[PDB]
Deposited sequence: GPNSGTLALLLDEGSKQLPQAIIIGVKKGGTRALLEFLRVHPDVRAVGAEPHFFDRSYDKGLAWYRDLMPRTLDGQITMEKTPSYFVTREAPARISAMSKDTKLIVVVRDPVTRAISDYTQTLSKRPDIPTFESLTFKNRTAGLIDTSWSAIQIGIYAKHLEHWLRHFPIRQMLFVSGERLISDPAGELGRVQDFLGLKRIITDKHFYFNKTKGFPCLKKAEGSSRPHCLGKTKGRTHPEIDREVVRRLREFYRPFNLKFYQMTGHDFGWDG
């Protein structure tokens, strides 16, 4: 930055606690949503996952605020930590910071999310058993397995609704974020009270990677596709296992659609 620019932020720029937070879900497409949102002139976000409300709460709200980027009047401050959604104390802690906090949750077909979760662990520990092996406690599904538990969105949502009004929560379609990024970002910008700037022209589908990419990133004049850890190849899962998992989640999915008022199409 240059003289005038620098000084400007040192005089009119100030750090705010996040007015909006992407609280989940793990493997739902949280990085994608945040990177896309960062294109907007009125959005500033912490680059890394703070993990303040789940891991580092013992550091104080002052430590949290200093982590926030400086913003000019009109700009929203944001951060994303996928684990918040399933953190028992998160709802209460965030509300305490501010009951007016807007919450965004990027959801994904519970089955593909579980496999994605598994695939990420496999990349870190190649010796773990097969996905099929971990899925079953027996023909009984091992619901104590985090990969399965995180997918029961309705269950986690009930906890959040004890501290927040459904209207302060936005549920983003992880699948549509991929098939129609501008579409979902439109809903997100409205929810956040931001003028609809991010549009179709901000994206470019990368055939090679199989996912859309930003034609221009916030931190670059060049295009930007998410890294190699985003969009991992999943192992082929036994169809019978996929069938049983889908059947297990279905009741919870339909309940989730009812609670949120939206059918995400994971069941047709």
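Taking the first deposited residue as 1, the stretches without any C-alpha atom are 1, 140-142.
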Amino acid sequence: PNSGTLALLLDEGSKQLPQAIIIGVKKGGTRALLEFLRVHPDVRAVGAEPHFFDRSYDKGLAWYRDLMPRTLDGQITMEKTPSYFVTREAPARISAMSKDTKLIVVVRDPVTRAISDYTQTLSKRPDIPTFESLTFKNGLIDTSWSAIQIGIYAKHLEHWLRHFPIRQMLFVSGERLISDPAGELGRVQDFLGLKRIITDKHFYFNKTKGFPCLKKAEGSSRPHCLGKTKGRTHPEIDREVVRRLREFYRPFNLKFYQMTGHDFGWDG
From here on, numbers count along this sequence of modelled residues.
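Judged by mean Cα B factor in the deposited record, 64-72 ranks above the other of 64-72 and 208-216. Higher mean CA B-factor, judged across 88-96 and 179-187 from the recorded values: 88-96.
Highest C-alpha temperature factor among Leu245, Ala20, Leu10, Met259 per the entry: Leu10. Note on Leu170, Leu192, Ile128, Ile141: the highest value goes to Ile141, judged by CA B factor as recorded. For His163, the recorded CA B-factor ranks within the highest third of the chain. Only modelled residues enter the ranking.
Remark: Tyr118 belongs to the lowest third of its chain, ranked by C-alpha B-factor as recorded. Split the chain's modelled residues into thirds by C-alpha temperature factor. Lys137 is in the highest one. When the modelled residues of the chain are ordered by C-alpha B-factor, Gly227 sits in the middle third. Annotation for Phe36: C-alpha temperature factor in the lowest third relative to the rest of the modelled chain, per the entry.
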